[PDB]
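Undergrad: Here's a structure for you.
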Amino acid sequence: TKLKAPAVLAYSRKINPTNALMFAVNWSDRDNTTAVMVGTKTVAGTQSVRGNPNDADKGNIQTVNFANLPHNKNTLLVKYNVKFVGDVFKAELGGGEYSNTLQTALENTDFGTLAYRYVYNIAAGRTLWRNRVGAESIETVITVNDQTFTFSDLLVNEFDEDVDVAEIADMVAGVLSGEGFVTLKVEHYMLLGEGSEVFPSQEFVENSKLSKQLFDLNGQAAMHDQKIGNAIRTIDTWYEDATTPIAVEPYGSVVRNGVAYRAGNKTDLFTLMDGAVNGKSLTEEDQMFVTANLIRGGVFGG
Amino acid sequence: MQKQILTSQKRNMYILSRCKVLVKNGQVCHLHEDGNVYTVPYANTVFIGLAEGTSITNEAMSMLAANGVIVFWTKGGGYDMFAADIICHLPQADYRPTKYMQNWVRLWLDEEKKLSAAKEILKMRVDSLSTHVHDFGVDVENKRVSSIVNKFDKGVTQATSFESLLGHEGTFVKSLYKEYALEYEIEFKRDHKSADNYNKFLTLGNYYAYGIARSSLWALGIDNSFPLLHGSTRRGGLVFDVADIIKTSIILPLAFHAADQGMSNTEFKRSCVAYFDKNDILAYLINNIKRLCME
Amino acid sequence: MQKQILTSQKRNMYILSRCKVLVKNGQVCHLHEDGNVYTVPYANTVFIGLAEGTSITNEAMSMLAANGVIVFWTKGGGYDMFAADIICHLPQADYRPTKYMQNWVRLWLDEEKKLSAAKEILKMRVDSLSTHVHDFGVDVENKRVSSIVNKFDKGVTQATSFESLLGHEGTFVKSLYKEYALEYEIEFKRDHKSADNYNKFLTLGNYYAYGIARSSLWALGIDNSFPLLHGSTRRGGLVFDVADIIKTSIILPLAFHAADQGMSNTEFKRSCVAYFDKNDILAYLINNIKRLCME
Amino acid sequence: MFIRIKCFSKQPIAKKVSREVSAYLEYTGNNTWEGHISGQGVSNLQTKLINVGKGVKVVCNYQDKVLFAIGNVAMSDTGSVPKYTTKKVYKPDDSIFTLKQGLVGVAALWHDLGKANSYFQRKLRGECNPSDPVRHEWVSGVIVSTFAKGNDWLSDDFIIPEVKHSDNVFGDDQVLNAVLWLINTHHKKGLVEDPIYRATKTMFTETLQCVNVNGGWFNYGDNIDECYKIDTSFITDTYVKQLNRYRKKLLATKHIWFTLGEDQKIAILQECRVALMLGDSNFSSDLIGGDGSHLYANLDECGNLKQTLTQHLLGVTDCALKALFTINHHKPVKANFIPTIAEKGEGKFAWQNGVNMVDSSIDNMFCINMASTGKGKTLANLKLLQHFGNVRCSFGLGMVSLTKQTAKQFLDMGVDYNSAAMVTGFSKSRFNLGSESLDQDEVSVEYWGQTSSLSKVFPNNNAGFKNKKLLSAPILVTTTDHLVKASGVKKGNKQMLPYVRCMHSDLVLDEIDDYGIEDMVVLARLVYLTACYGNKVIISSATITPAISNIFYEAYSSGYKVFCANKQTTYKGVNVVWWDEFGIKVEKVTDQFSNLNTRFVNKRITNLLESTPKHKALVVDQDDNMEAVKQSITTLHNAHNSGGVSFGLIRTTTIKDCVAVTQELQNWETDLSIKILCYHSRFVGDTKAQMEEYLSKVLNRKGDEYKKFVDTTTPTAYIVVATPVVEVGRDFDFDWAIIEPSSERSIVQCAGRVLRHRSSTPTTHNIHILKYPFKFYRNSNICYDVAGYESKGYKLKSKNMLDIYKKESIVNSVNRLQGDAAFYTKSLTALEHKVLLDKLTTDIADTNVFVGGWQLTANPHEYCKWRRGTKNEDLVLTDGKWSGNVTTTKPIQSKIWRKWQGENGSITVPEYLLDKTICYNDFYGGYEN
Amino acid sequence: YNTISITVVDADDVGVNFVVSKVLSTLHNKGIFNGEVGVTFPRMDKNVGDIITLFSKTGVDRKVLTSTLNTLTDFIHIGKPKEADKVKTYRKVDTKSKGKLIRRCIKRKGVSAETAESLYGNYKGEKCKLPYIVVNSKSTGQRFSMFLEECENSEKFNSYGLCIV
DNA sequence: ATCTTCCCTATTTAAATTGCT
DNA sequence: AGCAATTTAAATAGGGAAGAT
Ligand SMILES: [Mn+2]
Ligand SMILES: [Mn+2]
């Protein structure tokens with residue numbers, strides 16, 4: 001007993017998405033993909049900072065980025081490849097006095113549901129935060145091992161039953177429970193309207209710097225890989241007072257709301273893995289949450 | 001005054017208020033507030049209730065119990081009973097626990113019927129929601145409420161353990177709380193300690209729900225120590241489990257309407273007992289417990 | 001709210017006769033026809049029996065049940081020969097501890113565990129005899145009582161059924177009735193309908209031990225519909241099973257002494273309070289029934 | 001339990017208490033109830049009988065002793081239930097009460113004459129500095145002194161004369177000087193900086209003539225001429241007649257003032273000052289509203305002009321007169337007759353029947369309870385208090401947790417919260433986890449109790465929760481600092497509440513040896529003040545030194561002389577009750593206390609010595625104490641272990657010493673399985689509390705429940721390195737201890753932490769005393785001053801413990817009990833006794849214990865500071881983030897057995913160590929790195 | 001005047017106010033606010049709130065506006081039409097910053113650029129701290145911030161739900 | 001009906017004073 | 001000093017009416 005957790009214990013990320021490159025298409029002209037360019041407009045304004053009152057007279061020529069659709073294409077296309085990898089129970093930096101006990105404590109994990117919610121967050125449009133808002137038509141095409149799947153009307157908040165997501169979830173759960181990998185090429189086509197302004201992900205700017213950096217690969221608007229990884233693991237409906245699916249965190253913590261849902265109420269990942277290697281009976285939902293964290297990965301040492 | 005409550009099929013839970021029950025000319029009657037005596041037929045009633053302002057005498061008690069009319073003492077309203085004896089198979093010929101009671105015990109014991117009955121109590125809680133449709137409350141056929149209902153139905157049907165059912169029950173209950181908060185334009189978070197109108201009105205409505213569920217559990221002889229969802233150490237957990245069926249279907253819309261219009265507590269009590277009398281909510285709980293225990 | 005006195009630590013018990021029980025300025029008080037209003041310590045009352053010619057309002061039951069007082073009536077099936085239905089209202093508004101129901105019914109359903117529990121409660125008869133000795137009557141250590149206790153234990157050890165048990169009861173009780181009678185120099189035939197003091201004091205003590213046994217049952221949450229002794233003449237349930245632990249140790253010596261030493265009903269009633277609180281019989285029965293259920 | 005409750009009440013307060021008392025007892029008629037109920041039923045009946053309102057007149061009798069008495073019902077002195085009580089019972093030569101009335105009335109009509117200067121008027125209106133150059137009490141004293149020098153101050157018309165700046169206002173007239181000291185010290189006492197005056201001044205006026213304006217009143221002094229130009233608008237009807245009637249009252253009674261002794265004058269003027277601040281704060285708290293303008297005294301919360309000075313002086317006078325009347329004519333509310341005390345003690349408590357050898361009708365009692373630990377000392381103290389009748393006492397104890405332990409003992413034996421009041425004035429956040437319903441512990445702060453009649457004379461109806469628990473408690477289980485302020489304070493009215501508390505209540509001080517020397521001086525000052533009003537002092541200390549026991553007896557004897565000559569009774573002596581676990585002895589001692597006390601001490605020593613030796617201590621020869629600790633740990637594990645598992649306590653002196661011993665033992669290579677704990681006091685709220693509860697549950701050796709809190713399967717050395725926080729108030733039982741020597745009472749106390757719960761005698765040696773303290777390598781001149789009575793005035797000639805202690809010795813209380821003044825420079829015990837008689841002496845000095853003449857001054861509260869510590873700033877951990885220069889560090893992780901983490905709380909760092917980083921760590925708290 | 005509620009729900013992944021602003025934009029672009037439907041917000045303390053409240057005098061039904069906000073249905077909630085005798089009506093307040101009025105001084109007074117800087121150099125630069133929304137304007141192709149504050153009720157409203165004059 | 005609150009209602013206790021022995 | 005007569009007054013008990021559940 002009293003199997004104390006290793007200080008070096010970490011797990012690798014098992015859902016690896018690429019950067020979500022963003023293109024402009026039409027709804028019936030889906031093959032002509034023109035890359036959405038981040039424009040950048042200059043704004044003239046004096047600097048106002050707390051530490052330098054002497055520098056407020058002149059300076060701060062700032063040039064803020066923006067990204068709209070072109071005025072001939074009404075559909076935004078978002079392309080990214082989500083790579084699910086198996087052996088989520090292998091610790092990369094941990095070892096096997098604790099990670100092997102985790103293997104033999106989370107073998108009864110229903111990966112079917114875990115994978116369903118992953119592919120449902122892929123398909124329903126959780127990966128399209130501010131640009132699925134106000135779109136009159138949502139479409140998702142998933143290409144997986146030469147199989148094409150079409151999704152039109154999936155409400156993203158609840159994980160309802162559709163056999164299309166389920167079909168992919170099968171091979172995704174077979175990867176995650178076993179050994180190997182699977183790759184889902186996900187292209188989202190959302191009809192926002194003619195010249196509607198799109199929403200790339202944001203680089204962190206300083207309190208000063210410029211107003212807003214949109215995410216650029218080679219000049220073209222895109223969204224962060226870790227931001228999509230936040231979308232995919234947004235499956236946590238099993239904490240106490242669970243209203244909406246949150247991103248599976250080791251503490252159940254969302255930064256933008258200023259509260260942590262699983263911290264400080266004995267449902268955090270660390271107490272559940274210590275309970276697993278000390279062998280108390282877990283329910284299915286918290287064990288699924290622990291396996292979702294191990295799929296997410298991260299260093300758990302102290 | 002004189003109040004009739006249908007409970008199972010034919011026997012009636014009589015509620016007597018502001019009256020003196022005694023024996024006149026060899027049979028049980030009661031003098032009322034208006035100075036007019038009213039008799040009681042022994043054949044059509046089994047439960048007779050004594051509300052506020054009511055006294056009964058000894059030979060009236062004895063002759064009522066010798067006619068199979070088993071008496072209980074309740075707070076005025078008929079659904080806040082504090083004193084009774086236990087239903088038997090017959091009141092005079094023998095002393096055996098009721099078939100319903102024994103069935104409940106057996107079902108509770110074997111782990112599979114306990115899990116199946118926990119799933120079933122939540123199935124009938126969703127049924128209660130639709131069955132008892134209010135006017136001021138949210139639409140049960142609305143897309144958000146139906147999505148919450150189907151989420152609860154999927155979660156109960158796919159669960160194999162009780163703590164999963166507790167998490168899903170809490171999700172459904174507070175999701176209906178969130179829906180009714182979205183109706184009535186307020187930030188509502190369920191806490192018993194708050195002194196606002198919505199929380200304390202829901203609290204005393206929940207206490208009324210506990211009272212009517214206690215009456216429904218007593219009326220089939222079901223004891224207060226076999227909860228389905230709640231733990232074995234929870235005192236009176238079966239009252240809470242049965243009252244859960246009508247907490248989010250009846251008590252929650254009435255309480256949110258009561259806090260919206262802001263009237264006082266006694267007229268919320270009369271609205272709750274009016275909804276209990278009009279739609280036969282106790283009879284619904286009685287048939288619910290029969291279908292649960294009979295299986 | 002406070003601890004509100006443990007129900008094992010309540011010492012007052014009453015059986016009121018020919019009175020109207022009511023609430024006058026928040027006081028549980030019984031009023032006779034001579035204009036005398038005697039109060040009752042309702043927060044310290046174990047039980048209030050109600051004899052013939054009695055009557056009680058709603059509010060008196062409301063603040064007796066809130067203070068945990070069991071109220072029964074001595075008529076109806078209270079002729080004590082059939083002992084079918086002594087009308088006994090309990091306070092189930094308080095949500096009782098549940099675990100004694102759980103261990104009690106685990107042993108109830110299992111018939112072999114019920115038989116063993118019956119043997120333990122039959123041995124509690126002789127345990128009561130040894131623990132509660134009296135200095136105005138039969139010495140427990142003389143040759144006749146020791147011989148009949150040894151015969152009772154060696155018969156209940158080799159017992160096979162409840163029909164065999166019913167018979168051992170016949171022997172113990174009837175012969176203890178008789179052994180007292182021969183030592184009190186009285187030809188005595190137990191008859192609930194008899195007029196002699198040796199029987200009216202015995203029926204009064206029967207009601208007193210009924211109240212103590214029912215309060216000890218309700219305290220733990222245990223009902224009455226789960227008796228350990230099943231027989232043709234054992235109608236009445238678990239309250240008589242708990243109560244006949246303390247007939248021949250307490251109720252029968254007090255009743256025989258009372259009749260022989262010419263006590264009045266009032267002083268026999270009081271002698272019963274003195275023995276039930278000096279040796280703390282309610283906590284004795286409550287702790288012993290915890291020993292009975294346990295696992 | 002059979003009780004009987006009778007009602008004396010008028011009103012329908014004979015009716016709405018009848019509902020509650022008829023809810024719990026049967027009605028026997030004629031407003032008398034009688035019946036059987038449980039003790040918790042008695043508690044519930046008390047709680048809902050007192051809370052029902054004011055005017056409840058209830059007497060309860062359990063068998064024939066009175067259980068409780070609600071109100072000031074006279075009830076029973078001999079018989080119970082009187083007939084009519086009307087008036088005019090005794091009417092004596094009260095004399096000293098008329099003296100206190102005259103002094104308080106004359107001073108209270110003159111206490112605020114000095115607010116009439118123009119500076120105080122513009123201070124209240126707010127166009128100058130709110131701090132006066134000279135305080136208004138001194139200006140009023142200048143007014144009264146100038147009026148006395150000009151006209152005859154006792155029988156003349158008043159008229160305020162032209163006053164100038166006077167450095168001193170104290171003359172020779174003893175009564176005038178009393179009035180002047182009451183006027184000047186109605187806010188704060190004068191402070192004398194002068195060393196010759198502090199050296200020599202003893203008498204009443206002869207010390208009071210040294211109280212000048214420079215002792216706090218003369219703040220800055222640039223507007224003195226405006227501070228002494230004064231208007232005379234007080235000459236009205238009711239003020240002049242009140243001044244005349246009180247001055248003539250004083251005139252008629254001052255003939256008994258010269259027949260008083262010094263001790264009387266000091267105590268009477270202390271009572272007068274306490275009543276004067278009571279009346280002044282009572283009238284300053286409430287808002288009277290009406291005013292006659294042109295002159296003002298106080299300000300409201302809005303700063304508007306209120307309480308004009310004529311009616312302010314009149315209100316302070318009547319409130320102080322009423323304060324005096326209720327504090328001098330109070331039959332105070334006492335505790336319940338606890339029925340679980342009065343029966344026999346059985347077995348190891350069988351000495352508690354020594355109360356059946358004490359007289360139950362003695363007016364005074366000085367208990368010296370020399371019983372050893374584990375015998376139930378506090379229960380015996382409650383038994384001794386209840387032997388004289390109903391209990392009214394203040395259990396003043398060191399530490400919060402020891403008050404919690406005595407409260408839990410009082411709760412589970414027989415005492416409810418209607419009689420007990422646990423007071424810890426810090427609101428600590430140490431909560432009980434695991435199960436709130438299944439706790440049956442954690443004594444809390446509610447006090448259903450009974451509000452005393454003294455709350456109406458305090459400011460704004462006493463206070464909220466805390467002062468109601470202070471004043472109105474029958475039994476006040478409190479930390480001691482809520483009682484030592486009775487002897488007096490620097491600034492404010494914080495003296496009055498413990499003063500009026502200790503006036504009508506007994507004082508029970510347990511383990512007074514753990515306090516400091518100045519702490520013990522002010523505790524014996526409190527003992528003297530408690531004995532000044534006839535209350536009984538119970539001292540409960542096993543390791544008492546004759547010096548301490550003597551000076552506490554002399555303080556009680558001076559107090560009982562005050563009380564005897566105050567009621568005009570001839571002083572027969574003090575009923576001294578020597579007590580231990582082997583016997584009791586009650587003697588009427590007016591003189592020769594020393595021979596009787598030493599004879600009882602020798603009898604207790606002979607009753608301790610024929611018992612088996614439980615603590616055999618060997619002083620090690622190894623010079624270096626690091627490897628001495630190593631070798632002693634190895635030896636006492638190889639000798640003293642329970643099947644391979646042994647518990648060791650390394651008692652060291654200070655915190656960096658503790659972390660040095662810990663960091664050496666963690667890096668110490670050995671075949672022994674050392675498991676190290678740090679147990680000093682510098683720890684965060686969470687971490688510290690966690691250590692406490694764990695240690696209390698693993699070192700409990702009365703049963704084998706600890707086998708499940710540690711790994712006793714594998715042979716392991718469970719070592720706890722601790723500072724003197726282990727030797728005070730800890731119910732710990734170690735297999736053996738290694739002690740760094742600081743004082744001999746530390747040796748006796750850490751012997752009391754070894755085999756505290758067991759009775760098995762050691763074979764070879766269970767204590768290994770180190771050769772030197774670790775301060776020898778840092779300061780060879782003085783090394784025992786930290787946590788010891790060595791100092792700069794008392795230096796040991798040698799620091800070797802072979803020279804200053806026995807090499808093999810059975811350590812018990814005998815060396816501390818005996819008392820030796822000779823050879824104090826080369827033995828630790830005689831060094832200890834020397835200091836104890838040279839600081840707690842029978843003199844008045846200035847920081848001494850018989851203090852007379854200086855009680856009038858602020859000197860015993862400035863130069864004798866209770867809990868005199870270092871500056872002490874508090875670095876606070878807020879949610880894992882430290883406040884100041886802390887820098888969390890990482891411990892050695894070699895042998896730590898248990899380490900609890902902390903996130904909130906605070907650490908107490910001395911200002912000396914604030915310069916550098918305290919470097920807080922999870923294992924060991926504060927150090928120098 | 002009878003009124004209807006549009007409460008933004010489940011907008012945590014996206015700010016609540018972005019959904020509120022998109023609700024305003026979709027209510028603008030598909031008609032709704034012709035001249036008589038107005039908006040109000042029950043929870044302006046420092047944020048604009050999460051409830052849009054439409055108090056049209058003729059009466060707003062659920063069906064027309066739920067067909068209008070078909071794009072926001074994933075995170076919207078619509079209450080049944082209730083009544084209110086008094087609604088707390090807000091209006092539009094706009095900000096000017098330097099060059100704005102400079103171009104006005106180009107086109108109204110006809111003065112040169114340097115003297116237009118000269119008359120406005122030490123002036124202007126007001127800073128509105130009122131609660132606001134962020135609006136896509138479609139006729140003028142740039143996105144801006146619109147400030148709302150409490151004013152007396154007006155009979156006529158704009159195409160956005162705010163008071164006129 | 002039951003019970004409570006309050007207003008009569010005067011009936012019912014306790015104190016107060018003071019010659020008288 | 002105890003008491004008696006005798007006033008004076010504060011309080012206790014009860015009945016009726018009205019308002020709550
Ligand atoms: Mn002052
Ligand atoms: Mn003042």
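Note on naming: chains are A, B, ... as they come in the structure tokens, residues start from 1 per chain, ligands start from 1 in the order shown.
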For a quick check: superposing chain B on chain C using all C-alpha atoms in order, what RMSD comes out?

TA: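 The optimal C-alpha superposition leaves an RMSD of 6.3 Å.
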
Undergrad: Compile the contact shell of residue 492 of chain D as a PyMOL selection string: residues with an atom at most 12 Å away, counting only C-alpha atoms (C1' of nucleotides), same-chain residues fewer than 6 positions apart removed.

TA: chain D and resi 185-189+273-274+277-278+280-281+485+858

Undergrad: Excluding residue 13 of chain E and its own-chain neighbours fewer than 4 positions away, which residues fall within 9 Å of it when counting only C-alpha atoms (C1' of nucleotides)? Please give them as JSON, numbers by chain.

TA: {"A": [126, 129, 130, 246, 256]}

Undergrad: Give me, as a PyMOL selection string, all polymer residues having an atom no more than 10 Å from segment 46-61 of chain A, counting only C-alpha atoms (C1' of nucleotides) and skipping those fewer than 4 positions away in the same chain.

TA: chain A and resi 42+207-210

Undergrad: Could you please extract the residues within 9 Å of ligand 1, counting only C-alpha atoms (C1' of nucleotides) and all ligand atoms, and hand them back as a JSON list (two decimals) with N, CA, C and O atoms, in the first residue's frame?

TA:
```json
[["chain", "number", "residue", "atom", "x", "y", "z"],
["D", 111, "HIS", "N", -13.53, 64.73, 36.95],
["D", 111, "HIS", "CA", -12.65, 63.96, 36.07],
["D", 111, "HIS", "C", -12.48, 64.61, 34.71],
["D", 111, "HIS", "O", -11.47, 64.36, 34.04],
["D", 112, "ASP", "N", -13.43, 65.43, 34.28],
["D", 112, "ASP", "CA", -13.40, 66.05, 32.96],
["D", 112, "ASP", "C", -13.56, 67.56, 33.06],
["D", 112, "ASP", "O", -14.21, 68.19, 32.23],
["D", 113, "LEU", "N", -12.97, 68.16, 34.10],
["D", 113, "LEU", "CA", -12.96, 69.61, 34.18],
["D", 113, "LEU", "C", -11.98, 70.21, 33.18],
["D", 113, "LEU", "O", -12.11, 71.39, 32.82],
["D", 114, "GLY", "N", -11.00, 69.43, 32.74],
["D", 114, "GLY", "CA", -9.95, 69.86, 31.86],
["D", 114, "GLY", "C", -10.28, 69.83, 30.39],
["D", 114, "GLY", "O", -9.41, 70.12, 29.57],
["D", 115, "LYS", "N", -11.51, 69.46, 30.03],
["D", 115, "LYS", "CA", -11.95, 69.60, 28.65],
["D", 115, "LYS", "C", -12.50, 70.98, 28.35],
["D", 115, "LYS", "O", -12.86, 71.26, 27.20],
["D", 135, "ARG", "N", -2.94, 66.30, 28.46],
["D", 135, "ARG", "CA", -4.21, 65.59, 28.47],
["D", 135, "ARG", "C", -5.17, 66.24, 29.46],
["D", 135, "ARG", "O", -4.76, 66.80, 30.48],
["D", 136, "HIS", "N", -6.47, 66.16, 29.14],
["D", 136, "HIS", "CA", -7.49, 66.88, 29.90],
["D", 136, "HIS", "C", -7.65, 66.36, 31.32],
["D", 136, "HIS", "O", -8.13, 67.11, 32.18],
["D", 137, "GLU", "N", -7.28, 65.11, 31.58],
["D", 137, "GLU", "CA", -7.26, 64.60, 32.95],
["D", 137, "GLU", "C", -6.24, 65.35, 33.79],
["D", 137, "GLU", "O", -6.52, 65.70, 34.95],
["D", 183, "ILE", "N", -8.56, 61.45, 39.41],
["D", 183, "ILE", "CA", -8.83, 62.38, 38.31],
["D", 183, "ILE", "C", -7.82, 62.19, 37.18],
["D", 183, "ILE", "O", -8.20, 62.07, 36.01],
["D", 186, "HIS", "N", -7.91, 58.52, 35.18],
["D", 186, "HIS", "CA", -9.19, 58.01, 34.70],
["D", 186, "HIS", "C", -9.13, 57.58, 33.24],
["D", 186, "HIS", "O", -10.12, 57.03, 32.73],
["D", 187, "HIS", "N", -8.02, 57.83, 32.56],
["D", 187, "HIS", "CA", -7.77, 57.28, 31.23],
["D", 187, "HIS", "C", -6.53, 56.41, 31.19],
["D", 187, "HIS", "O", -6.58, 55.30, 30.65],
["D", 280, "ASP", "N", -17.35, 56.15, 33.30],
["D", 280, "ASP", "CA", -16.95, 57.04, 32.22],
["D", 280, "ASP", "C", -17.19, 56.40, 30.85],
["D", 280, "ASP", "O", -17.75, 57.04, 29.95],
["D", 297, "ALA", "N", -17.94, 67.62, 25.55],
["D", 297, "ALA", "CA", -17.00, 66.62, 26.05],
["D", 297, "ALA", "C", -16.60, 65.60, 25.00],
["D", 297, "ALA", "O", -15.41, 65.42, 24.73],
["D", 298, "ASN", "N", -17.57, 64.92, 24.39],
["D", 298, "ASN", "CA", -17.31, 63.81, 23.49],
["D", 298, "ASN", "C", -17.91, 64.08, 22.12],
["D", 298, "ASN", "O", -18.66, 65.04, 21.92]]
```

Undergrad: With distances taken over only C-alpha atoms (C1' of nucleotides), which of B:161, B:103, B:261, B:266 is nearest to chain G?

TA: B:266

Undergrad: Give the alpha helix (DSSP H) residues of segment 133-171 of chain A, as DSSP finds them on the backbone, and put them as an MDAnalysis selection string.

TA: chainID A and resid 163:171

Undergrad: Take the residues just selected and output them with N, CA, C and O atoms as a short mmCIF file (atom, residue, chain, number, x, y, z; two decimals), in the first residue's frame.

TA:
```
data_model
loop_
_atom_site.label_atom_id
_atom_site.label_comp_id
_atom_site.auth_asym_id
_atom_site.auth_seq_id
_atom_site.Cartn_x
_atom_site.Cartn_y
_atom_site.Cartn_z
N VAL A 163 -24.97 7.49 -36.01
CA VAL A 163 -24.14 6.34 -36.37
C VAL A 163 -22.87 6.70 -37.13
O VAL A 163 -21.97 5.88 -37.25
N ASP A 164 -22.80 7.92 -37.65
CA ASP A 164 -21.63 8.34 -38.39
C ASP A 164 -20.46 8.60 -37.45
O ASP A 164 -19.37 8.07 -37.67
N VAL A 165 -20.67 9.38 -36.40
CA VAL A 165 -19.61 9.61 -35.41
C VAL A 165 -19.27 8.26 -34.79
O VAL A 165 -18.10 7.92 -34.67
N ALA A 166 -20.29 7.48 -34.45
CA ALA A 166 -20.07 6.15 -33.86
C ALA A 166 -19.16 5.28 -34.71
O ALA A 166 -18.29 4.60 -34.18
N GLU A 167 -19.34 5.31 -36.03
CA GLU A 167 -18.52 4.49 -36.92
C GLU A 167 -17.05 4.79 -36.75
O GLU A 167 -16.22 3.89 -36.63
N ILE A 168 -16.71 6.07 -36.73
CA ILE A 168 -15.31 6.46 -36.55
C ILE A 168 -14.87 6.17 -35.13
O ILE A 168 -13.78 5.67 -34.91
N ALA A 169 -15.73 6.45 -34.16
CA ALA A 169 -15.41 6.18 -32.76
C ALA A 169 -14.96 4.74 -32.53
O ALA A 169 -14.16 4.50 -31.65
N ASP A 170 -15.48 3.80 -33.31
CA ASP A 170 -15.04 2.41 -33.19
C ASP A 170 -13.54 2.28 -33.40
O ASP A 170 -12.83 1.77 -32.53
N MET A 171 -13.05 2.72 -34.55
CA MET A 171 -11.62 2.59 -34.84
C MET A 171 -10.78 3.48 -33.93
O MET A 171 -9.63 3.15 -33.65
#
```
